[PDB]
>>> print(open('input_6.cif').read())   # mmCIF, C-alpha atoms (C1' of nucleotides)
data_entry
#
loop_
_atom_site.group_PDB
_atom_site.id
_atom_site.type_symbol
_atom_site.label_atom_id
_atom_site.label_comp_id
_atom_site.auth_asym_id
_atom_site.auth_seq_id
_atom_site.Cartn_x
_atom_site.Cartn_y
_atom_site.Cartn_z
ATOM 1 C CA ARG A 33 3.252 17.430 32.455
ATOM 2 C CA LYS A 34 3.554 16.845 28.638
ATOM 3 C CA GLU A 35 5.486 13.596 28.099
ATOM 4 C CA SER A 36 8.843 13.009 26.227
ATOM 5 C CA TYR A 37 11.714 10.537 25.499
ATOM 6 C CA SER A 38 14.327 12.624 27.398
ATOM 7 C CA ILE A 39 15.148 10.287 30.336
ATOM 8 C CA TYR A 40 15.809 7.315 28.022
ATOM 9 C CA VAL A 41 17.952 9.176 25.502
ATOM 10 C CA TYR A 42 20.012 10.459 28.456
ATOM 11 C CA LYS A 43 20.230 6.920 29.924
ATOM 12 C CA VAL A 44 21.432 5.514 26.535
ATOM 13 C CA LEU A 45 23.906 8.399 26.191
ATOM 14 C CA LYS A 46 25.315 7.755 29.660
ATOM 15 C CA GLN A 47 25.711 4.111 28.690
ATOM 16 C CA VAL A 48 27.519 4.797 25.391
ATOM 17 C CA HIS A 49 29.401 7.967 26.515
ATOM 18 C CA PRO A 50 29.608 8.338 30.313
ATOM 19 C CA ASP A 51 31.464 11.684 30.163
ATOM 20 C CA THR A 52 29.327 13.347 27.459
ATOM 21 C CA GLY A 53 26.393 15.638 28.222
ATOM 22 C CA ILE A 54 23.531 16.946 26.050
ATOM 23 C CA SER A 55 22.230 20.471 25.218
ATOM 24 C CA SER A 56 18.527 21.258 25.462
ATOM 25 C CA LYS A 57 18.400 22.023 21.716
ATOM 26 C CA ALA A 58 20.074 18.711 20.803
ATOM 27 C CA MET A 59 17.811 16.905 23.254
ATOM 28 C CA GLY A 60 14.830 18.349 21.397
ATOM 29 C CA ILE A 61 16.361 17.055 18.122
ATOM 30 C CA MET A 62 16.577 13.556 19.661
ATOM 31 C CA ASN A 63 12.952 13.666 20.806
ATOM 32 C CA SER A 64 11.833 14.718 17.323
ATOM 33 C CA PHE A 65 13.970 11.948 15.809
ATOM 34 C CA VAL A 66 12.508 9.214 18.013
ATOM 35 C CA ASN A 67 8.945 10.387 17.371
ATOM 36 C CA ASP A 68 9.554 10.511 13.619
ATOM 37 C CA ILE A 69 11.054 6.996 13.422
ATOM 38 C CA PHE A 70 8.230 5.668 15.598
ATOM 39 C CA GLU A 71 5.646 7.094 13.174
ATOM 40 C CA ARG A 72 7.462 5.780 10.049
ATOM 41 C CA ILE A 73 7.638 2.239 11.484
ATOM 42 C CA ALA A 74 4.126 2.138 12.935
ATOM 43 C CA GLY A 75 2.636 3.479 9.700
ATOM 44 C CA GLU A 76 4.405 0.887 7.575
ATOM 45 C CA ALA A 77 3.338 -1.889 9.947
ATOM 46 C CA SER A 78 -0.247 -0.613 9.730
ATOM 47 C CA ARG A 79 -0.167 -0.700 5.934
ATOM 48 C CA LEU A 80 1.296 -4.219 5.984
ATOM 49 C CA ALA A 81 -1.428 -5.418 8.358
ATOM 50 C CA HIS A 82 -4.198 -3.917 6.224
ATOM 51 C CA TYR A 83 -2.815 -5.399 2.993
ATOM 52 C CA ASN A 84 -2.818 -8.910 4.468
ATOM 53 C CA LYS A 85 -6.261 -8.585 6.123
ATOM 54 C CA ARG A 86 -4.844 -8.992 9.627
ATOM 55 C CA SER A 87 -6.084 -7.226 12.741
ATOM 56 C CA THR A 88 -3.013 -7.562 15.060
ATOM 57 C CA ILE A 89 0.347 -5.836 14.693
ATOM 58 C CA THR A 90 2.944 -8.415 15.827
ATOM 59 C CA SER A 91 6.748 -8.558 15.745
ATOM 60 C CA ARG A 92 6.636 -9.873 12.164
ATOM 61 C CA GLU A 93 4.957 -6.694 10.855
ATOM 62 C CA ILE A 94 7.497 -4.541 12.728
ATOM 63 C CA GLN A 95 10.462 -6.562 11.449
ATOM 64 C CA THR A 96 9.291 -6.261 7.850
ATOM 65 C CA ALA A 97 8.692 -2.521 8.273
ATOM 66 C CA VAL A 98 12.231 -2.142 9.618
ATOM 67 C CA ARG A 99 13.560 -4.033 6.563
ATOM 68 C CA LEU A 100 11.581 -1.730 4.279
ATOM 69 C CA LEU A 101 12.588 1.562 5.894
ATOM 70 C CA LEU A 102 16.109 1.193 7.278
ATOM 71 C CA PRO A 103 18.795 1.063 4.555
ATOM 72 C CA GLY A 104 21.436 -1.658 4.440
ATOM 73 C CA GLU A 105 23.451 -2.413 7.552
ATOM 74 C CA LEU A 106 21.149 -0.166 9.599
ATOM 75 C CA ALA A 107 18.362 -2.638 8.865
ATOM 76 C CA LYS A 108 20.568 -5.717 9.457
ATOM 77 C CA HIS A 109 21.646 -4.551 12.898
ATOM 78 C CA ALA A 110 18.235 -3.198 13.888
ATOM 79 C CA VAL A 111 16.703 -6.565 13.017
ATOM 80 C CA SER A 112 19.381 -8.361 15.034
ATOM 81 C CA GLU A 113 18.742 -6.114 18.054
ATOM 82 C CA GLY A 114 14.945 -6.497 17.836
ATOM 83 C CA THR A 115 15.216 -10.269 17.556
ATOM 84 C CA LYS A 116 17.652 -10.466 20.499
ATOM 85 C CA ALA A 117 15.332 -8.352 22.675
ATOM 86 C CA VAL A 118 12.082 -10.256 21.915
ATOM 87 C CA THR A 119 13.967 -13.583 22.415
ATOM 88 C CA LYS A 120 15.324 -12.446 25.823
ATOM 89 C CA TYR A 121 11.856 -11.135 26.799
ATOM 90 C CA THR A 122 9.769 -14.202 25.870
ATOM 91 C CA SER A 123 12.158 -16.548 27.724
ATOM 92 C CA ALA A 124 11.942 -14.730 31.115
ATOM 93 C "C1'" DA B 1 -42.296 -107.515 -35.313
ATOM 94 C "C1'" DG B 2 -45.734 -104.372 -36.605
ATOM 95 C "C1'" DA B 3 -49.571 -101.887 -36.101
ATOM 96 C "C1'" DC B 4 -52.192 -98.238 -33.471
ATOM 97 C "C1'" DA B 5 -52.387 -93.898 -31.150
ATOM 98 C "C1'" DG B 6 -50.993 -89.880 -29.046
ATOM 99 C "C1'" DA B 7 -48.038 -86.210 -28.451
ATOM 100 C "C1'" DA B 8 -44.735 -83.571 -30.815
ATOM 101 C "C1'" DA B 9 -43.236 -79.289 -33.572
ATOM 102 C "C1'" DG B 10 -44.897 -77.101 -37.220
ATOM 103 C "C1'" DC B 11 -47.544 -74.478 -39.916
ATOM 104 C "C1'" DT B 12 -51.075 -71.632 -41.466
ATOM 105 C "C1'" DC B 13 -54.726 -68.141 -40.968
ATOM 106 C "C1'" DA B 14 -57.548 -64.693 -38.567
ATOM 107 C "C1'" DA B 15 -57.568 -60.230 -34.819
ATOM 108 C "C1'" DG B 16 -54.890 -56.306 -32.682
ATOM 109 C "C1'" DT B 17 -51.227 -52.651 -33.048
ATOM 110 C "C1'" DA B 18 -47.815 -49.224 -34.859
ATOM 111 C "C1'" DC B 19 -47.069 -45.914 -38.350
ATOM 112 C "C1'" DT B 20 -47.927 -42.637 -42.223
ATOM 113 C "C1'" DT B 21 -49.958 -38.627 -45.075
ATOM 114 C "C1'" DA B 22 -52.868 -35.020 -45.007
ATOM 115 C "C1'" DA B 23 -53.080 -28.720 -52.518
ATOM 116 C "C1'" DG B 24 -50.435 -24.530 -54.543
ATOM 117 C "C1'" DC B 25 -49.034 -19.670 -54.167
ATOM 118 C "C1'" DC B 26 -49.397 -15.105 -51.840
ATOM 119 C "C1'" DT B 27 -50.275 -10.730 -48.375
ATOM 120 C "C1'" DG B 28 -50.397 -8.781 -43.751
ATOM 121 C "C1'" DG B 29 -50.710 -8.322 -38.323
ATOM 122 C "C1'" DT B 30 -49.362 -9.444 -33.373
ATOM 123 C "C1'" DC B 31 -46.695 -11.789 -29.770
ATOM 124 C "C1'" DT B 32 -42.647 -14.005 -27.251
ATOM 125 C "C1'" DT B 33 -37.942 -15.739 -26.569
ATOM 126 C "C1'" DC B 34 -35.134 -19.165 -19.409
ATOM 127 C "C1'" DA B 35 -39.542 -17.234 -13.006
ATOM 128 C "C1'" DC B 36 -38.674 -18.370 -9.180
ATOM 129 C "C1'" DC B 37 -34.998 -18.336 -6.152
ATOM 130 C "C1'" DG B 38 -32.567 -15.629 -2.042
ATOM 131 C "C1'" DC B 39 -27.874 -13.461 -0.102
ATOM 132 C "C1'" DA B 40 -25.288 -8.842 -0.504
ATOM 133 C "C1'" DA B 41 -24.746 -4.722 1.444
ATOM 134 C "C1'" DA B 42 -27.048 -0.273 1.352
ATOM 135 C "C1'" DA B 43 -30.328 1.306 4.601
ATOM 136 C "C1'" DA B 44 -34.440 2.302 9.143
ATOM 137 C "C1'" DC B 45 -35.209 3.069 13.446
ATOM 138 C "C1'" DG B 46 -34.601 2.554 18.404
ATOM 139 C "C1'" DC B 47 -31.232 3.195 22.581
ATOM 140 C "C1'" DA B 48 -27.792 4.231 25.169
ATOM 141 C "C1'" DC B 49 -23.237 6.377 25.889
ATOM 142 C "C1'" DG B 50 -20.028 10.004 25.827
ATOM 143 C "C1'" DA B 51 -17.417 13.198 23.052
ATOM 144 C "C1'" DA B 52 -17.737 17.772 21.875
ATOM 145 C "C1'" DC B 53 -20.376 21.461 22.647
ATOM 146 C "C1'" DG B 54 -21.230 25.920 25.662
ATOM 147 C "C1'" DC B 55 -19.746 29.312 28.936
ATOM 148 C "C1'" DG B 56 -17.188 31.168 32.695
ATOM 149 C "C1'" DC B 57 -12.646 32.145 34.992
ATOM 150 C "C1'" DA B 58 -7.341 32.557 34.951
ATOM 151 C "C1'" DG B 59 -3.421 34.595 33.370
ATOM 152 C "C1'" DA B 60 0.112 33.750 30.287
ATOM 153 C "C1'" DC B 61 2.198 35.744 26.729
ATOM 154 C "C1'" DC B 62 1.797 38.346 22.483
ATOM 155 C "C1'" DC B 63 1.294 43.197 20.708
ATOM 156 C "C1'" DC B 64 2.648 48.097 21.010
ATOM 157 C "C1'" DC B 65 5.725 52.041 22.274
ATOM 158 C "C1'" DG B 66 9.858 53.989 24.120
ATOM 159 C "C1'" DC B 67 15.209 55.217 23.893
ATOM 160 C "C1'" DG B 68 20.551 53.953 22.562
ATOM 161 C "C1'" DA B 69 24.435 51.643 21.082
ATOM 162 C "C1'" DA B 70 26.114 49.494 17.559
ATOM 163 C "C1'" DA B 71 26.449 47.492 13.489
ATOM 164 C "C1'" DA B 72 25.191 46.226 9.008
ATOM 165 C "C1'" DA B 73 23.315 48.190 4.934
ATOM 166 C "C1'" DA B 74 23.693 51.678 1.255
ATOM 167 C "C1'" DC B 75 26.385 54.370 -1.948
ATOM 168 C "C1'" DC B 76 30.488 55.451 -4.832
ATOM 169 C "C1'" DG B 77 34.620 54.211 -7.483
ATOM 170 C "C1'" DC B 78 38.688 51.643 -9.557
ATOM 171 C "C1'" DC B 79 39.578 47.628 -12.096
ATOM 172 C "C1'" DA B 80 40.608 42.976 -13.272
ATOM 173 C "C1'" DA B 81 39.230 38.686 -14.755
ATOM 174 C "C1'" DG B 82 35.588 36.417 -16.276
ATOM 175 C "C1'" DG B 83 31.451 35.678 -19.762
ATOM 176 C "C1'" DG B 84 30.771 35.833 -24.359
ATOM 177 C "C1'" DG B 85 31.802 36.129 -29.423
ATOM 178 C "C1'" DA B 86 34.269 34.455 -33.426
ATOM 179 C "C1'" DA B 87 37.165 30.870 -35.706
ATOM 180 C "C1'" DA B 88 39.593 25.818 -36.841
ATOM 181 C "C1'" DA B 89 39.076 21.449 -37.194
ATOM 182 C "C1'" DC B 90 38.725 16.889 -36.547
ATOM 183 C "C1'" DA B 91 36.741 12.768 -35.350
ATOM 184 C "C1'" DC B 92 31.945 11.574 -32.963
ATOM 185 C "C1'" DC B 93 27.706 10.562 -34.087
ATOM 186 C "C1'" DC B 94 23.951 9.838 -37.530
ATOM 187 C "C1'" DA B 95 22.390 7.654 -41.664
ATOM 188 C "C1'" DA B 96 21.911 3.706 -45.162
ATOM 189 C "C1'" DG B 97 22.752 -0.856 -46.402
ATOM 190 C "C1'" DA B 98 22.855 -6.314 -46.062
ATOM 191 C "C1'" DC B 99 22.781 -10.377 -43.169
ATOM 192 C "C1'" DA B 100 21.308 -12.491 -39.491
ATOM 193 C "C1'" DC B 101 19.162 -13.237 -34.672
ATOM 194 C "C1'" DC B 102 15.794 -14.073 -31.478
ATOM 195 C "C1'" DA B 103 11.612 -11.750 -29.928
ATOM 196 C "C1'" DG B 104 7.007 -12.705 -30.633
ATOM 197 C "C1'" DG B 105 3.002 -15.496 -31.364
ATOM 198 C "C1'" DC B 106 0.616 -19.700 -30.679
ATOM 199 C "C1'" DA B 107 0.218 -24.204 -29.069
ATOM 200 C "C1'" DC B 108 0.058 -27.924 -25.340
ATOM 201 C "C1'" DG B 109 1.945 -30.252 -20.592
ATOM 202 C "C1'" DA B 110 2.909 -30.503 -15.839
ATOM 203 C "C1'" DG B 111 2.126 -29.185 -11.738
ATOM 204 C "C1'" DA B 112 3.652 -25.604 -7.789
ATOM 205 C "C1'" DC B 113 1.356 -23.128 -4.950
ATOM 206 C "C1'" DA B 114 -2.524 -19.697 -4.176
ATOM 207 C "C1'" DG B 115 -7.299 -19.224 -2.396
ATOM 208 C "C1'" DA B 116 -10.871 -21.482 0.284
ATOM 209 C "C1'" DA B 117 -12.850 -24.340 4.116
ATOM 210 C "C1'" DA B 118 -13.225 -26.422 8.894
ATOM 211 C "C1'" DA B 119 -11.082 -27.044 13.415
ATOM 212 C "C1'" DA B 120 -8.979 -25.688 17.448
ATOM 213 C "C1'" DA B 121 -6.407 -23.034 21.031
ATOM 214 C "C1'" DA B 122 -2.993 -19.716 22.456
ATOM 215 C "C1'" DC B 123 -3.001 -14.956 22.726
ATOM 216 C "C1'" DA B 124 -5.001 -10.116 23.369
ATOM 217 C "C1'" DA B 125 -8.481 -7.370 25.663
ATOM 218 C "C1'" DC B 126 -11.034 -6.120 30.376
ATOM 219 C "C1'" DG B 127 -11.467 -4.856 35.390
ATOM 220 C "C1'" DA B 128 -9.401 -4.505 39.151
ATOM 221 C "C1'" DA B 129 -5.888 -3.172 42.863
ATOM 222 C "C1'" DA B 130 -0.967 -1.737 43.337
ATOM 223 C "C1'" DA B 131 3.224 0.552 43.809
ATOM 224 C "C1'" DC B 132 7.042 2.287 41.878
ATOM 225 C "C1'" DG B 133 9.095 5.300 37.508
ATOM 226 C "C1'" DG B 134 8.873 9.614 35.622
ATOM 227 C "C1'" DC B 135 7.583 14.130 36.199
ATOM 228 C "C1'" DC B 136 8.097 18.983 38.611
ATOM 229 C "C1'" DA B 137 10.883 22.163 41.888
ATOM 230 C "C1'" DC B 138 14.874 23.674 42.951
ATOM 231 C "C1'" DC B 139 19.409 23.374 44.269
ATOM 232 C "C1'" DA B 140 24.631 23.641 42.999
ATOM 233 C "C1'" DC B 141 28.584 23.071 39.597
ATOM 234 C "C1'" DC B 142 31.785 24.198 35.520
ATOM 235 C "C1'" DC B 143 31.739 24.469 30.026
ATOM 236 C "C1'" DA B 144 32.021 27.376 27.150
ATOM 237 C "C1'" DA B 145 31.250 32.166 26.463
ATOM 238 C "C1'" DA B 146 34.018 36.131 26.537
ATOM 239 C "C1'" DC B 147 38.149 39.426 26.577
ATOM 240 C "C1'" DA B 148 43.070 40.046 26.365
ATOM 241 C "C1'" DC B 149 47.965 38.220 24.540
ATOM 242 C "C1'" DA B 150 50.512 36.234 21.460
ATOM 243 C "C1'" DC B 151 52.794 33.378 17.765
ATOM 244 C "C1'" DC B 152 52.055 31.672 13.844
ATOM 245 C "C1'" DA B 153 51.268 31.635 8.621
ATOM 246 C "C1'" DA B 154 48.991 32.446 4.515
ATOM 247 C "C1'" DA B 155 48.936 36.709 0.366
ATOM 248 C "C1'" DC B 156 50.784 39.081 -2.751
ATOM 249 C "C1'" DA B 157 54.253 41.942 -4.356
ATOM 250 C "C1'" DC B 158 58.745 41.832 -6.677
#
>>> encode(input="input_6.cif", output="C-alpha coordinates")
Amino acid sequence: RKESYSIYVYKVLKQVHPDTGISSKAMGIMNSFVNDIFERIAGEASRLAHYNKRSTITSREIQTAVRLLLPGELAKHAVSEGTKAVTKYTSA
DNA sequence: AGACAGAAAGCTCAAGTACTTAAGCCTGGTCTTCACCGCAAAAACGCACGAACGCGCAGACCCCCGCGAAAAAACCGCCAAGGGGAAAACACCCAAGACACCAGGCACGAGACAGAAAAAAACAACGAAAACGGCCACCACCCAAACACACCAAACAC
(Lines of atoms letter the chains of each structure in order from A and count residues from 1; the text may use other names and numbers.)
(Lines give C-alpha, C1' and ligand atoms only; values in the text may rest on other atoms or scores of the structure.)
Protein backbone atom coordinates (compact mmCIF):
# COMPACT_ATOMS: atom_id res chain seq x y z
CA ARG A 1 0.00 0.00 0.00
CA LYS A 2 2.70 2.56 -1.07
CA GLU A 3 1.52 6.03 0.02
CA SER A 4 0.82 9.18 -2.15
CA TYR A 5 -0.69 12.73 -2.24
CA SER A 6 -3.53 11.72 -4.64
CA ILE A 7 -6.60 12.16 -2.38
CA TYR A 8 -5.58 15.70 -1.37
CA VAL A 9 -4.73 16.93 -4.86
CA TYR A 10 -8.13 15.61 -5.98
CA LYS A 11 -9.84 17.30 -2.99
CA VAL A 12 -8.13 20.66 -3.83
CA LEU A 13 -9.04 20.23 -7.51
CA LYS A 14 -12.68 19.57 -6.65
CA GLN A 15 -12.63 22.72 -4.53
CA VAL A 16 -11.10 24.96 -7.23
CA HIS A 17 -12.75 23.25 -10.27
CA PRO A 18 -15.78 21.11 -9.34
CA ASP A 19 -16.40 19.95 -12.94
CA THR A 20 -12.77 19.14 -13.86
CA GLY A 21 -11.26 15.66 -13.58
CA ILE A 22 -7.65 14.43 -13.64
CA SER A 23 -5.76 11.83 -15.77
CA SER A 24 -3.56 9.22 -14.11
CA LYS A 25 -0.48 10.63 -15.90
CA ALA A 26 -1.22 14.19 -14.75
CA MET A 27 -1.94 12.90 -11.25
CA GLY A 28 1.52 11.35 -11.23
CA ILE A 29 2.95 14.75 -12.30
CA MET A 30 1.20 16.37 -9.31
CA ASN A 31 2.57 13.78 -6.89
CA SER A 32 6.09 14.33 -8.23
CA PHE A 33 5.60 18.10 -7.95
CA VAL A 34 4.46 17.98 -4.32
CA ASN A 35 7.31 15.65 -3.34
CA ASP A 36 9.85 17.87 -5.08
CA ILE A 37 8.65 21.11 -3.43
CA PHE A 38 8.54 19.35 -0.06
CA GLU A 39 12.20 18.31 -0.45
CA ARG A 40 13.34 21.80 -1.62
CA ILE A 41 11.68 23.48 1.38
CA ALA A 42 12.71 20.93 4.00
CA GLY A 43 16.31 20.96 2.76
CA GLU A 44 16.54 24.74 2.90
CA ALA A 45 15.02 24.77 6.39
CA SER A 46 17.57 22.14 7.46
CA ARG A 47 20.45 24.24 6.16
CA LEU A 48 19.07 27.33 7.92
CA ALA A 49 18.77 25.43 11.21
CA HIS A 50 22.33 24.09 10.97
CA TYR A 51 23.79 27.51 10.14
CA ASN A 52 22.22 29.07 13.24
CA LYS A 53 23.11 26.16 15.57
CA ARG A 54 19.46 25.33 16.26
CA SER A 55 18.03 21.86 16.76
CA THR A 56 14.29 22.48 16.03
CA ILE A 57 12.71 23.30 12.68
CA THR A 58 9.90 25.79 13.46
CA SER A 59 7.59 27.94 11.33
CA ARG A 60 10.28 30.65 11.13
CA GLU A 61 12.72 28.34 9.30
CA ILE A 62 9.96 27.26 6.89
CA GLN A 63 8.87 30.85 6.22
CA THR A 64 12.43 31.93 5.43
CA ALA A 65 12.93 28.90 3.17
CA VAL A 66 9.74 29.81 1.30
CA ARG A 67 11.06 33.38 0.86
CA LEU A 68 14.34 32.01 -0.48
CA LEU A 69 12.87 29.50 -2.93
CA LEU A 70 9.57 30.88 -4.22
CA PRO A 71 10.00 33.82 -6.63
CA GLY A 72 8.12 37.09 -6.20
CA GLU A 73 4.36 37.01 -5.73
CA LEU A 74 4.48 33.22 -5.34
CA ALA A 75 6.47 33.78 -2.16
CA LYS A 76 4.26 36.68 -0.96
CA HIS A 77 1.07 34.66 -1.26
CA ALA A 78 2.58 31.43 0.07
CA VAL A 79 3.79 33.32 3.14
CA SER A 80 0.35 34.87 3.61
CA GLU A 81 -1.32 31.44 3.37
CA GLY A 82 1.15 29.80 5.78
CA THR A 83 0.74 32.60 8.30
CA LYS A 84 -3.08 32.47 8.05
CA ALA A 85 -3.07 28.69 8.60
CA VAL A 86 -0.70 28.64 11.62
CA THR A 87 -2.67 31.58 13.15
CA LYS A 88 -6.01 29.74 12.71
CA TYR A 89 -4.46 26.52 14.09
CA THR A 90 -2.83 27.95 17.24
CA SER A 91 -6.03 29.79 18.23
CA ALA A 92 -8.30 26.68 18.19
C1' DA B 1 65.36 94.73 95.04
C1' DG B 2 68.88 91.50 94.27
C1' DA B 3 71.17 87.56 94.84
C1' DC B 4 71.20 82.36 94.59
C1' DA B 5 70.06 78.15 92.31
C1' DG B 6 68.06 75.10 89.26
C1' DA B 7 66.22 73.91 85.05
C1' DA B 8 66.33 75.15 80.37
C1' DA B 9 68.07 74.55 75.39
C1' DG B 10 72.20 74.14 73.48
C1' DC B 11 76.25 72.42 72.15
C1' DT B 12 79.99 69.48 71.56
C1' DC B 13 82.29 64.97 71.28
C1' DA B 14 82.61 59.92 71.21
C1' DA B 15 80.26 54.96 69.23
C1' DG B 16 77.43 52.64 65.53
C1' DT B 17 75.90 52.34 60.58
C1' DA B 18 75.61 52.82 55.45
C1' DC B 19 78.26 52.86 51.37
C1' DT B 20 82.20 52.27 48.11
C1' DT B 21 86.17 50.04 45.35
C1' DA B 22 88.36 46.07 44.40
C1' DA B 23 95.09 45.73 37.28
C1' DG B 24 95.54 45.41 31.96
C1' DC B 25 94.98 42.72 27.69
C1' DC B 26 93.96 38.27 25.34
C1' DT B 27 92.36 33.07 23.83
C1' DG B 28 89.09 29.27 24.07
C1' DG B 29 85.13 25.93 25.79
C1' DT B 30 80.32 24.78 27.55
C1' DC B 31 75.58 25.85 28.98
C1' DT B 32 70.85 28.13 29.13
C1' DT B 33 67.19 31.41 27.91
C1' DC B 34 59.48 31.40 31.29
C1' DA B 35 57.48 24.40 34.64
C1' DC B 36 53.84 23.60 36.30
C1' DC B 37 49.22 23.92 35.19
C1' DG B 38 44.86 21.24 33.21
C1' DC B 39 40.71 21.26 29.56
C1' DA B 40 39.99 19.76 24.51
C1' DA B 41 38.66 16.28 21.84
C1' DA B 42 40.70 12.16 19.86
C1' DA B 43 40.41 7.66 21.73
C1' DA B 44 39.55 2.43 24.96
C1' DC B 45 36.78 -0.76 26.33
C1' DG B 46 32.50 -2.71 28.07
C1' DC B 47 27.25 -3.56 27.09
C1' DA B 48 23.24 -3.80 25.23
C1' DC B 49 20.13 -3.20 21.25
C1' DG B 50 18.64 -3.88 16.69
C1' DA B 51 19.57 -3.15 11.86
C1' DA B 52 21.24 -5.74 8.27
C1' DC B 53 22.73 -10.00 7.35
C1' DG B 54 21.47 -15.00 5.60
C1' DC B 55 18.43 -18.20 3.38
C1' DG B 56 14.16 -20.07 1.83
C1' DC B 57 9.69 -19.53 -0.73
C1' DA B 58 6.49 -16.97 -4.13
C1' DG B 59 5.54 -15.42 -8.46
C1' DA B 60 5.64 -11.36 -10.95
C1' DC B 61 7.35 -9.71 -14.87
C1' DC B 62 11.21 -9.41 -18.02
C1' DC B 63 13.50 -11.96 -21.92
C1' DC B 64 13.03 -14.66 -26.21
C1' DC B 65 10.63 -16.33 -30.47
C1' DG B 66 6.88 -16.41 -33.66
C1' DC B 67 3.89 -14.28 -37.75
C1' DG B 68 1.46 -9.91 -40.38
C1' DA B 69 -0.08 -5.54 -41.45
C1' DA B 70 1.35 -1.36 -42.06
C1' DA B 71 4.05 2.29 -42.19
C1' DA B 72 8.15 4.83 -42.08
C1' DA B 73 12.71 4.69 -43.85
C1' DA B 74 15.76 4.51 -47.91
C1' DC B 75 16.91 5.83 -52.57
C1' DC B 76 16.74 8.81 -56.74
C1' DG B 77 16.09 13.22 -59.15
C1' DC B 78 14.86 18.17 -60.33
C1' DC B 79 15.79 22.65 -58.77
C1' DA B 80 15.49 26.91 -56.35
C1' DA B 81 16.96 29.81 -52.90
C1' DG B 82 20.12 30.20 -49.64
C1' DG B 83 25.29 30.34 -47.90
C1' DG B 84 29.30 32.30 -49.22
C1' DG B 85 32.62 35.32 -51.79
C1' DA B 86 33.99 39.85 -53.37
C1' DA B 87 33.53 44.97 -53.20
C1' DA B 88 32.28 50.21 -51.28
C1' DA B 89 32.34 53.03 -47.88
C1' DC B 90 31.49 55.53 -44.10
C1' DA B 91 31.28 56.59 -39.49
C1' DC B 92 32.25 53.59 -35.00
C1' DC B 93 35.62 52.61 -32.18
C1' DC B 94 40.53 52.93 -30.66
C1' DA B 95 44.43 55.73 -29.58
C1' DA B 96 46.96 59.95 -27.60
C1' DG B 97 46.84 64.08 -25.16
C1' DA B 98 45.84 67.58 -21.08
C1' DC B 99 43.14 68.72 -17.04
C1' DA B 100 40.94 67.41 -13.35
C1' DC B 101 38.43 64.22 -9.89
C1' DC B 102 37.94 61.31 -6.21
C1' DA B 103 39.61 56.74 -4.96
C1' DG B 104 42.89 55.31 -1.83
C1' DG B 105 45.60 55.43 2.30
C1' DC B 106 46.02 56.61 7.02
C1' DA B 107 44.47 58.54 11.13
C1' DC B 108 41.21 58.96 15.26
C1' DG B 109 36.08 59.00 17.52
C1' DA B 110 31.76 57.17 18.79
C1' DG B 111 29.23 53.71 19.70
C1' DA B 112 25.66 50.06 17.54
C1' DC B 113 25.19 45.70 18.03
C1' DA B 114 27.41 40.96 18.02
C1' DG B 115 29.05 37.18 21.06
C1' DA B 116 28.90 35.37 25.73
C1' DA B 117 26.80 34.21 30.31
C1' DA B 118 23.07 32.87 33.72
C1' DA B 119 18.16 32.03 34.50
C1' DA B 120 13.90 30.11 33.68
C1' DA B 121 9.85 27.82 31.47
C1' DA B 122 7.04 26.67 27.53
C1' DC B 123 7.43 23.36 24.12
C1' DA B 124 8.76 18.74 21.94
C1' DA B 125 9.48 13.87 22.73
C1' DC B 126 7.55 9.20 24.93
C1' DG B 127 4.09 5.48 25.98
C1' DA B 128 -0.06 4.36 25.83
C1' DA B 129 -4.95 3.37 24.09
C1' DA B 130 -8.19 4.77 20.34
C1' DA B 131 -10.87 5.21 16.39
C1' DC B 132 -11.52 7.10 12.22
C1' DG B 133 -9.03 8.49 7.30
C1' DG B 134 -6.90 6.50 3.59
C1' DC B 135 -5.99 2.51 1.21
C1' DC B 136 -7.58 -1.72 -1.83
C1' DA B 137 -11.46 -4.09 -4.65
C1' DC B 138 -14.57 -3.54 -7.71
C1' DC B 139 -18.43 -1.64 -9.67
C1' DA B 140 -20.65 1.61 -13.34
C1' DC B 141 -20.53 5.88 -16.39
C1' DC B 142 -19.21 8.97 -20.49
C1' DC B 143 -14.88 11.67 -22.57
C1' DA B 144 -12.47 11.40 -25.87
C1' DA B 145 -10.87 8.17 -29.19
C1' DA B 146 -12.15 6.96 -33.69
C1' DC B 147 -14.34 6.94 -38.50
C1' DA B 148 -17.14 9.24 -41.89
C1' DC B 149 -18.98 14.00 -44.02
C1' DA B 150 -18.41 18.29 -45.10
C1' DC B 151 -17.31 23.35 -45.60
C1' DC B 152 -14.02 26.16 -45.27
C1' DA B 153 -9.49 28.53 -46.60
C1' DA B 154 -4.80 28.95 -47.30
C1' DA B 155 -1.02 28.28 -51.84
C1' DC B 156 0.55 29.32 -55.74
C1' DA B 157 0.00 30.10 -60.42
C1' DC B 158 -1.00 33.78 -63.75
>>> resolve_selection(input="input_6.cif", expression="the PyMOL selection byres ((chain A and resi 38) around 12)", output="count of residues only")
27
>>> atom_distance(input="input_6.cif", atom1="atom CA of residue 99 of chain A", atom2="atom CA of residue 75 of chain A")
13.6 Å
>>> resolve_selection(input="input_6.cif", expression="the PyMOL selection byres ((chain B) within 12 of (chain A))", output="ChimeraX atom specification")
/B:123-125,133-136,143
>>> axis_aligned_box(input="input_6.cif", around="segment 64-75 of chain A", padding_each_side="5 Å", output="JSON")
{"center_x": 8.3, "center_y": 8.4, "center_z": 13.9, "size_x": 21.3, "size_y": 22.6, "size_z": 18.3}
>>> closest_residue(input="input_6.cif", among="A:69, A:94, A:101, A:48", to="residue 118 of chain A", atoms="only C-alpha atoms")
A:94
>>> resolve_selection(input="input_6.cif", expression="the PyMOL selection byres ((chain A and resi 111) around 12)", output="NGL selection string")
:A and (91-110 or 112-118)
>>> atom_distance(input="input_6.cif", atom1="atom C1' of residue 116 of chain B", atom2="atom CA of residue 81 of chain A")
20.3 Å
>>> atom_distance(input="input_6.cif", atom1="atom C1' of residue 129 of chain B", atom2="atom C1' of residue 51 of chain B")
28.2 Å
